[PDB]
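One chain comes next, on its own, written out as C-alpha cells in the form deposited in one PDB entry.
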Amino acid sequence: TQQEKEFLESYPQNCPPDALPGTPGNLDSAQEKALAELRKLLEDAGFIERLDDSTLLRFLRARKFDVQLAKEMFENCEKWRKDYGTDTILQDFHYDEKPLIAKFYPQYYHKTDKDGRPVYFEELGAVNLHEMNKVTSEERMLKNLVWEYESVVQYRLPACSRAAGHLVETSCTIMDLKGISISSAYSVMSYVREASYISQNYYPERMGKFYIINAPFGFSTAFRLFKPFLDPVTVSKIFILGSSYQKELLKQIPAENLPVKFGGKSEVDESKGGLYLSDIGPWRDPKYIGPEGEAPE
C-alpha cells in the first residue's frame, strides 16, 4: 500500500513472548499457516484493507483459528463498516454535545497500565440518561463510541505500542459502579448491549483487562463464588471489585498514571473540566506520535 507499510513499521509489531499464544510474534506452526490462508481467501474476495498480521490474528483468535469462521466474521465486519460509515467516522461525526452531557455518563481515556495498555474509564454508576436524552440520543452515543474506537485503533494503540516497546492491541477498562440502582441499570441496558455487540463483533480481542469497581454486594458475591469455574484466561482478565479496589488497581496501573479519585496520583486541571473532557496519554506526546499524526479532539 506504501502508506500503510510506512505506518506499520513505525511502531513495534510483536507482543511480549509471555503473551497468549497466537498473538503477533508468538505463533505456533499452523497458526502461521492459518494466518496465510485466511489472508489469501480475503484477497481472493477482493479485500485490500486491514489485512495486517495483528488484525487477522485477532479475528482468528476470536474464532479459535477456525479459518472459515474467522473469514465470515471479517466479512461481516467490513459490511458493517460500509453500512455504518465507519471508515470515515473520524471526519463525519462531531460530538459537539460532549461538554454538555459528559457528566451524565463519564467516559474517558487516561494514560496507560503497566503492560502499556491505554486505560479507559467509565463511571456507569453515575449514568443519568433522563438528563442526557434532553440533549443527545442513544444513536449519537454509539456513534461517539465507535468514533473513540477508531481513534484508539488509528492513534492511541500505535502510540502506546511505541511508548511500551512492544505491540499493544488492547485496553484496560475500569468501570465504576458507584451509584447504580436496579432502575438506572435497566435504563442503561440497551446502550450497554449495543456497545458490547459492537465491541465483540467489530473489534474482537481488543479487551485486555476489565475491572468493575464499587460493585454492589450481590453482584460481587456472585463473581466470588463462580470464579473457580471460569477458564484461567478469563480469570486473569476480568476483576469484579467492591469498595476496596485501590490496591488491586495499583498492581495493574502505575500510581502516577491512575487518577487520584481512584487511589492514584495522576491529576488533571479541574478548571478546564479536566477529567471528563481530557484525553491524556502517550498519543498526546510527540515522541510517540508517528506518521499518522496526532489524534483529533
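The first residue of the shown sequence is 1; numbering continues from there. Note that the rigid core is defined as the largest set of C-alphas that superpose within 1.5 Å between two forms.
The protein also exists as the form deposited in another entry; that form is not presented, and the subsequent description refers to it.
2 Å-or-more CA mover between this form and the one not shown, where superposition uses the core and the choices are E49, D44, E37, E270: Once the cores are aligned, the residue moving by 2 Å or more is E270.
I213: Cα shift of 2 Å or greater between this form and the one not shown (core-aligned): No, its C-alpha moves less than 2 Å.
Shift of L157 between this form and the one not shown at or above 2 Å (CA, core fit): After core superposition, the C-alpha of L157 moves less than 2 Å between this form and the one not shown.
Cα displacement of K82 between this form and the one not shown reaching 2 Å, rigid core superposed: Comparing the forms between this form and the one not shown, which are aligned on their rigid core, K82 does not shift its C-alpha by 2 Å or more.
Change in CA distance between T170 and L230 in the other entry, which is 3 Å or more, as closer or farther: Distance between the C-alphas of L230 and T170: shorter in the other entry, by 3 Å or more.
Comparison of CA distance in the other entry with shown form for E205, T234, at least 3 Å: Here the pair is farther apart than in the other entry; there, closer.
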